[PDB]
Amino acid sequence: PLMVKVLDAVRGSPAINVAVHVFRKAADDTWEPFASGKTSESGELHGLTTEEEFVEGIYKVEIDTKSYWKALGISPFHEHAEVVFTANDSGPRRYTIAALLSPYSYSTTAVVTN
Amino acid sequence: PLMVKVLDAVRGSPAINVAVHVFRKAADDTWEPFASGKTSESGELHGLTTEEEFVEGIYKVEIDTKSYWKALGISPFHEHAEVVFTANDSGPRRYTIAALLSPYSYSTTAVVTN
Amino acid sequence: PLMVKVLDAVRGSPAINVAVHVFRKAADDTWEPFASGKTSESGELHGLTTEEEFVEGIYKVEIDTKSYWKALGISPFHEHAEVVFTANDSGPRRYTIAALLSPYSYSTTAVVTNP
Amino acid sequence: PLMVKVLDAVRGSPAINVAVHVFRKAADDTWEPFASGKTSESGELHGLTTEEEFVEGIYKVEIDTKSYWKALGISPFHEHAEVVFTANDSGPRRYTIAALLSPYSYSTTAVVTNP
């Protein structure tokens, strides 16, 4: 139900081996670890969760952009990119969180389909 | 060797049934039709060309964004989105031209892989 | 030293009356409230801080995009856009945090200048 | 009535000395040169046209992104960014064409205001 895709706007490539952490907002308003991984050779991270586990609520996707750029020998601006959203059962069932990275800028979009 | 992908930033969806025209720059500097189609249900347009036909040169991808938005009952700013680039044999072999559409804005990126 | 500018990609206009909250990471690793304000009719937010107050640190600029879109009667995807960065670690700089908003997508860019 | 502003997403800075060519579609469907200029040290290009001259029509703003990146010694993907739009068809408006550049990607947004 949840896929994360990361692209590199400098090189025109997938952003490979980027660490991604997903958190779910707990009742006390803290962020609890939910799932994590590293993007693949295609810049994608599949298998984070299942339909049963991905219940409605507020989630945060943190993308470790700073490590990515530093490994390329580039100093970037942001500490990470964060994407915070509510999962809603009314809407379509599959969420792709896409991010497009540059050293001083990033874009993110949600593609939500059935 | 060439794929075009179009997303809708307003609805968080693929942009479906968007007309896309590809042109190749001729020796006289005019744009000659090269390939065309409409994006699919996944917002993608596959099968535009073959490796044999997609020789080095300058290409233009014109995306009919204005018709897309008008069919959704929205008045948009741009007449179309245009992506102009050189195909280069030195670089990786597969080109994805991605576009992210809003009524008054668009983003485009090239993902070039082997 | 810190300015925030927000545009609306749907309207082709400044994004007006967007709430922005800035935090700074404290010694204990918590996010301490640092400054807040709203974008004006030009989509800009000036006056958040001073050169003296804007010391080195890790800052988070929270742009309340959901509140913006809901005040316009639109159901958007994100809760907010968060921009997190180290500032002033090589001496004072001027930071513009720009954001471009759509209901299911946003962009942010930093322009950093040395006075 | 027409301003162009360009940022560099790699540097986190204005994109300086970017060449911009504006065309207007003629009666015969050709692109007629309309105005041109370069972005300043602030990444802005002012003074392209006048209220009188900027009549209704279909305009193309060509931002010479390859020339910009090649002047910096970088091999980018696109030849240029083209922004094509109908202007002034409900009376005079003020247009800002903004662009954010990276070597393999760009964004453009229009801010349209009624004076």
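Before reading on, note that the structure itself is shown above.
Calculation rules
Residues numbered from 1 in each chain as written, not as in the entry; some residues may be left out. Chains lettered and ligands numbered in written order. Heavy atoms only, no water. 1 Å grid on protein atoms, 1.4 Å probe; cavity = no way out; pocket = protein on both sides within 12 Å on 5 of 7 lines; lining within 4 Å. Points joined across faces, edges and corners; volume = space filled by probe spheres on them. Helix = DSSP H or I, 4+ residues; strand = E, 2+ residues; numbered from the N terminus. Nonpolar A, V, L, I, M, F, W, Y, C, P; charged D, E, K, R; others polar. Contact = heavy atoms within 4.5 Å. Buried area = accessible area lost by both parts, 1.4 Å probe. Salt bridge = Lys/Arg side-chain N within 4 Å of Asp/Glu carboxyl O. Polar contact = N/O pair within 3.5 Å; in protein donor to acceptor, adjacent residues only side chain to side chain. Pairing = 2+ DSSP bridges. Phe/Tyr/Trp six-rings, centres within 6.5 Å; stacked < 30°, edge-to-face > 60°. Buried < 20%, exposed > 50% of the residue type's maximum accessible area, 1.4 Å probe, protein only. Core = buried A, V, L, I, M, F, W, Y, C linked by side-chain atoms within 4.5 Å.

**Here's the deal with the layout of surface pockets**
Thought 1: Within this model, the largest pocket holds a volume of roughly 1200 Å³.
Thought 2: In terms of lining, the largest pocket is formed by 42 residues, of which the most central are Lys5(A), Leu7(A), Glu44(A), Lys5(B) and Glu44(B).
Thought 3: Counting residues per element, the ones that place at least two in the lining of the largest pocket are β1 (2-8), β8 (94-102) and β9 (105-113) of chain A together with β1 (2-8), β8 (94-102) and β9 (105-113) of chain B.
Thought 4: The class makeup of the residues in the lining of the largest pocket is 20 nonpolar, 15 polar and 7 charged.
Thought 5: As for the second largest pocket, its lining consists of 34 residues, and the residues nearest its centre are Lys5(C), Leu7(C), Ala98(C), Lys5(D) and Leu7(D).
Thought 6: For the lining of the second largest pocket, the elements supplying multiple residues, two or more each, are β1 (2-8), β8 (94-102) and β9 (105-113) of chain C together with β1 (2-8), β8 (94-102) and β9 (105-113) of chain D.
Thought 7: Tallying contributions element by element places β8(C) first for the lining of the second largest pocket, with 6 residues.
Thought 8: Broken down by class, the residue content of the lining of the second largest pocket amounts to 17 nonpolar, 12 polar and 5 charged.

**Topic: the interface of chain D and chain B**
Thought 1: Residue-level contacts link 21 residues of chain D with 21 residues of chain B.
Thought 2: Contact between chain D and chain B buries roughly 1800 Å² in total, counting both sides, with carbon and sulfur atoms accounting for 55%.
Thought 3: On the surface where chain D and chain B come into contact, there are 0 salt bridges.
Thought 4: Taken together, chain D and chain B are joined by 14 residue pairs in polar contact.
Thought 5: Counting only elements with at least two residues in the side of chain D that touches chain B, the list comes to β7 (78-87), β8 and β9 of chain D.
Thought 6: Here the side of chain D that touches chain B is composed, by residue class, of 11 nonpolar, 7 polar and 3 charged.
Thought 7: Sheet topology note: the strand β7 (residues 78-87) of chain B/β7(D) ladder contains 7 bridges and is antiparallel. Considered in β7(D), the bridge of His80(B) is made with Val84(D).

**As for the packing of aromatic side chains**
Thought 1: Under the counting rule described, the total for this entry stands at 40 aromatic pairs over all chains.
Thought 2: For the ring pair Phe77(B) and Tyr95(D), a centre distance of 6.2 Å and an interplane angle of 45 degrees mean the geometry is tilted. Of the two residues, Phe77(B) is situated in the loop between α1 (65-71) and β7 and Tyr95(D) in strand β8; the pairing between them involves two chains. The residues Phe77(B) and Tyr95(D) share a single accessibility class, namely buried.
Thought 3: Through successive ring pairs, a cluster of aromatic residues spans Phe34(A), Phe54(A), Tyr59(A), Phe85(A), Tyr95(A), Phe77(C) and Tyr104(C).

**Quick look at the nonpolar core**
Thought 1: Counting 59 residues, the largest nonpolar core has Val4(B), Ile63(B), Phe85(B), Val4(D), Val22(D) and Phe85(D) as the members making the most contacts within it.
Thought 2: Counting residues in hydrophobic clusters, the runner-up holds 58 residues, among them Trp69(A), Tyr104(A), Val18(C) and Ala35(C).

The analysis is restricted to geometry; functional conclusions fall outside its scope.
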